[PDB]
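> Before I ask anything, let me first share the structure, which is written out below as structure tokens.
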Ligand SMILES: COC(=O)c1cc(Cl)c(O)c(S(=O)(=O)Nc2cc(-c3ccccc3)c(F)cc2F)c1
Ligand SMILES: Nc1ncnc2c1ncn2[C@@H]1O[C@H](COP(=O)(O)OP(=O)(O)O)[C@@H](O)[C@H]1O
């Protein structure tokens, strides 16, 4: 096999993340903070850190528009182009 | 492989690099004479030619010049020229051969007496380097072998001058002793430093004036260039003295040069009904035996070796040369082309059948009307696609072929061709079944062939314990033990693999020929390595004797060089011997039998597996000792192991012409040491039919008179093996094994794709470049043609993007379009957000890119909007007044037209340069003669409405793609509608954006946050 | 002023590059190989290097489609998206394992040229410290059969540059390396990163303390981007023409490894 991927599982009845099927993910309350640890680390995370990594996403959402990445998302959003091509032109900062 | 060099080049290599105390007279005093002799230039070279008498003599590897009357002695310049009048360009019948004397040499005559003529000769043997001296020389020296002073000098030694004084000069005159010891002790050092094998000087003249050299005959080891090629400088090897070589043979010898293969063509009778296409260094000798043995010797045309598995195109070139020699004129009998042979390394099975098929199907006209009846036989893999394509092209063309299989013997077709039958310290046990091995080098195919063979042999453990490869980092490699994936560790220095693995006792060098000596001398220092195979061919013969010397000082048995390795079925396989399992399961090599073979050539190990599998129970062990001059272990060592082995019941020996390696079998049986039934036959009886006891005929006859079961020729070899084995069964000697089916692995995909058993479609379909091959090819053109002509970036662009080659007036134009759109400026949305992500410290790619995703529908996409507007309105027939009136009525701005500053009174200058270049060079410009009317009809209302450069490039590419030499309108709409003309802007402006990244990385500027003075925050107030 | 840009000049009658107005650029024959040196370096370049840097763009245009950048331009061109977004998705592969052999060969040969090491101690320390030489090594080819592109570039370097240090150095390292294995040749990725070092030193108008800076910034990295971008616009445009559908990878090539705790 050429690739060796160790996170998801396309085929079958249910989609499976790193260990867990998705009806178990919504059966429990995993949250985005648990799906994040479940995709990236492949280790299932407890609730006090599951809520913490949601804190780290809720904090770094914006610092502002006069900031180098948001500046060159503003510019390539004014130049009329897509959502992907306007996100991206601020992500490579 | 030890080739000869000329007398001249030999003397210049002597004079340039000998170093001794007693000086040598006449340094660099010689004259090469051709039929292209500029006597003026030579006489300007050598003013001493008008000074003393001369000796002129040929330099073409002609032995006994002094008795053919071909040595002009004691002549002036005019006398030399008159002596060259009846000879240069003429012919002489010399010995048996006949050729043109086309190269002569002139040397100074210096007088000498008879007792001053000495004899020196230095050659190589397996145990060392002889020195032969004799006090009398001349052409009347006679047989000088058993009549001189010999001195043995051991391998990797020096030469003590006191020993020469005490042993090599016992008959020399006294006053001439010390200078000769001043000479020979120098000369051997010369002999060692340039890797000669045979250096003979007769006569050697020492007068009172000093030492000077008259004659020189030399042979150098041609595989030893990678040390000595600076010393050698330019070296030319001359052919033997025969007829002139055709340019055909030069064209095939050129295939030896630039390739890595080996394929030489020696044709001797162009008007014969027997031809050859023989793969393998061994099997060409076998066909040349059997053809001449069946009395068709007068109709044999060529014999040619072919090995190394070259590319399909080189085998196409070889086959088109031989088929070009086929179809010259008619003989009324009909020509028989024999195709087939024996290879050990099956690597290009899919490629080589694509050559010879393409060579046959490119001559179906002439090959029928020269009446060719081809016999093709396959060996090794069951490559059914090649057999099928041969069988289809034989019915399509009409050429009578007869493609055969493995069931017919490899010389059974020769009897089917010539009208004879119808057409239907030391060890004894090297390898146990608990033998480990360490593979040097990285040969994942050969190691996979190890492991799959071992799983077929129902072996408990693998046989590759570890790999060693010093030019990467330490890691592990993932292989297939049957069905489960196991790992094998790959090391860098050998101490890791020899301390972590105390279980190995065999190492297998798959080194290159440059590193085999060094890796083996690295390995020999260790203890448990008790068997070394050396796969690589072309190891120089001075290095091989050093390996044999230390192999005898340590006891390690060497199987090689130039082998492919042996095979011991049920226990262990080496290298690629026996091929892939597609051959193993057919020749039944997964169980032990009771027959052992041993061969000179490694190519014949497939054929002996074939023949011993089709007559007897199976091979016990068969070892190819390699095809070099110095084997690591000859016949007799493995024959003694086979004699001291219980499971062996009969022994087969396959020899070749050359050497005393076969008379030791006669001595071993006449001494009674070798008891078991021995069947031998050495290849090459009809080498004499194109030293006397080392001929293949006399060696076979001496084996036949001493109690070795020799067949009458090679074609009775299977019969005589079968007839010995029947008598071995019918006397209670061999109790045969009940054959049991083996386990079965799946085939490799990468191997069973080449054979054509698997058929899946290609996922991508790319139509521009071509990675593989000798040269990289763009859409049609190879790159040496791109630089051979002057294609330019403007031509490589059209050659990649369109796949249509473009003429020069547009090739220069598209360079104009890149030189214009390189920059418009830094306060421009793309360059702005390249400046920002270049100040934020990131890469070149990540700063180019952050400006490239601005290109789109408001920035830089005016080009492909101008094309899709003017070209859309040109085709609907609208004359520009209704065009401008509908652009007002429907209410949309014209995408080509409009500029911020400039008017008719002051244009852009870039639009004037592009417009002038368009008018001067394009043959016909519609749609710009249209658009310049739209300038006037628009600009009579406001001055600043001009078609821009963003309008004119999108117009002139429409006009160029229509009115170039090679497109169609229905195709030149497609490169507009895809967005190539959009993409001319990306490639244009990317020069500028790499410029802005690079510039503001140079002007070292910090992180950029925008001011708060420019941003008007509007936030809905619900806290 | 917030920005400080030192290449172009928007306003005025004519557009001006770094020194030259454009009617002088087309008045003379500057070429793309001269506009390149005029934008990037701001130093005007003579003709024998102006034609050379066009050689370096004509060589690195394509190596092929089964190559990591061209692969993920083929994929994002089959997924139906733009020219910019299909070029770009192959450009962000350029980096430290693909296409960044150029600026590693320059920063190796030019770093070892200045410390005075004659090539034997250079090859011996590249064995001892244990790192592969970034210019040298090829998959197929030997002394007996070179690349042809490296022969065309080497012949153009010898026929026209007035003095070539650091390539007379590196061709010695070919021989001292290649006498051990045949396939160790300095590549085209090594020779471009050598000949730009030699060109920036031995052009008419630079200094060594300044011609170190365009190497260390990564211009010589950026010659590869501009070279290969012709090829990637080629692959986008070609597989938009050969109208091919969305591409998902097969399941036959991917070995799923998932920790089993359901
Ligand atoms: C490298 O040679 C192979 O790749 C190979 C593969 C198989 Cl399968 C095989 O059987 C043999 S062979 O030497 O045994 N017979 C044979 C030989 C040539 C040939 C091929 C090239 C040149 C001259 C003759 C040929 F065109 C057809 C044949 F059947 C050889
Ligand atoms: N320069 C020379 N001066 C004197 N005699 C020479 C010279 N060159 C050749 N000869 C004569 O020619 C002979 C050399 O020919 P050579 O090839 O050695 O004959 P052969 O092969 O039979 O030994 C010597 O016997 C020598 O007498």
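> Taking the number of other C-beta atoms within 10 Å as the exposure measure, put C:224, B:375 in order starting with the fewest.
B:375, C:224
> Okay, next question. Using a 10 Å cut-off on Cβ to Cβ distances, tally the other chain neighbours for every residue of B:788-797 and report the average as a whole number.
4
> Here's another thing I want to ask about it. Calculated from DSSP H runs of 4 or more alone, at -39500 (n - 2.57) each and per residue, what is the 222 nm mean residue ellipticity of chain A, nearest 500?
For chain A, the value works out to -14500 deg cm²/dmol.
> If you bin every alpha carbon distance in the range C:175-262 into 10 Å steps from zero, what whole percent lands in each bin?
Here the calculated profile for the range C:175-262 is 12, 21, 20, 23, 16, 6, 1, 0.
> First measure r as the distance between the Cβ atoms of residue B:645 and residue B:167, then evaluate 1/(1 + (r/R0)^6) with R0 = 45 Å and state the FRET efficiency to the nearest 0.05.
0.55
> When you count, for each residue, the other Cβ atoms within 10 Å and take the mean per peptide, how do B:734-740, B:511-517, B:547-553 rank with the highest first?
Highest-to-lowest ranking by the protection proxy: B:511-517, B:547-553, B:734-740.
> Between residue B:480 and residue B:706, what FRET efficiency comes out of the Förster formula 1/(1 + (r/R0)^6) with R0 = 51 Å and r the beta carbon distance, rounded to 0.05?
0.55
> If you don't mind, there's one more thing I want to ask. Name the shape class, rounded, prolate or oblate, that the alpha-carbon gyration tensor gives for the protein assembly as shown, where a ≥ b ≥ c are the square roots of its eigenvalues, rounded holds for a/c under 1.5, and otherwise prolate holds if a/b is larger than b/c and oblate otherwise.
prolate
> Using r as the Cβ-Cβ distance of residue C:253 and residue B:361, and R0 as 56 Å, what FRET efficiency do you calculate, to the nearest 0.05?
0.95
> Now a separate question. Obtain the nm distance between the two label points defined at residue B:36 and residue C:141 by a simple spin-label model: each point lies 7 Å from its Cα along the Cα-to-C-beta direction.
Distance between label points: 3.0 nm.
> Roughly how many nanometres apart are two label points built 7 Å out from the Cα toward the Cβ at residue B:373 and residue B:763?
The answer from the label model is 5.2 nm.
> If you look at just the Cα atoms of the range C:87-131, how large are its Rg and its Dmax in Å?
Every Cα atom of the range C:87-131 included, Rg and Dmax give 14.5, 43 Å.
> Using Cβ counts within 10 Å as a stand-in for footprinting exposure, how do B:846, B:605, A:49, B:182 rank, fewest first?
A:49, B:182, B:846, B:605
> Ok, one more. Note the full-extension length gain between residue C:13 and residue C:180 as 0.36 nm times their separation in residues minus their Cα-Cα distance, in nm to one decimal.
Result: 53.9 nm gained on full extension.
> Where does each of A:71, B:501 land when they are ranked from fewest to most other beta-carbon atoms within 10 angstrom?
Fewest to most other Cβ atoms nearby, the residues stand as B:501, A:71.
> Enter the mean number of other protein chain beta carbons within 10 Å of the beta carbon of each residue in B:256-267, as an integer.
Per residue, the number of nearby Cβ atoms from other chains is 1 on average.
> Can you pull a Stokes-Einstein diffusion coefficient for the range B:1-153 at 37 °C (0.692 mPa s), Rh from Kirkwood over Cα pairs, as a whole number of µm²/s?
Answer from the Stokes-Einstein relation: 184 µm²/s.
> Which value does Rg/Rh take for the range B:389-528 over its C-alpha atoms, Rh per Kirkwood?
Using Cα coordinates only, the ratio equals 1.20.
> What's the center-to-center distance, using Cα atoms, between the range C:169-190 and the range B:596-648 in Å?
Rounded to whole Å, the Cα centres lie 40 Å apart.
> Also, I was wondering about something else. Relative to 2.2 N^0.38 Å, what does the C-alpha radius of gyration of the range B:804-935 come to as a ratio? Two decimals please.
1.28
> Take residue A:6, project a point 7 Å from its Cα along the Cβ direction, then tell me which residues of the range C:222-262 have their backbone nitrogen under 19 Å from it.
C:253-262
> Please give the Cα centre distance for the range C:204-254 versus the range B:759-775, rounded to the nearest Å.
With the range C:204-254 and the range B:759-775 each reduced to a Cα centre, they are spaced 20 Å.
> Averaged across the residues of B:514-523, what count of C-beta atoms belonging to other chains lies within 10 Å of each residue's C-beta?
Other-chain Cβ atoms within 10 Å of each residue's Cβ, averaged: 1.
> Quick one: check the C-alpha center-to-center distance for the range C:57-118 versus the range B:389-443, whole angstrom.
Answer, in whole Å: 46.
> So what's the range B:590-731 giving for Cα Rg divided by 2.2 N^0.38 Å, two decimals?
Taking N as the residue count of the range B:590-731, the ratio is 0.98.
Note that we place each Cβ from the backbone using ideal geometry, even for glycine, and neighbour counts take in every protein chain shown. We did not get these values from a lab; they are worked out from the coordinates using the rules stated.
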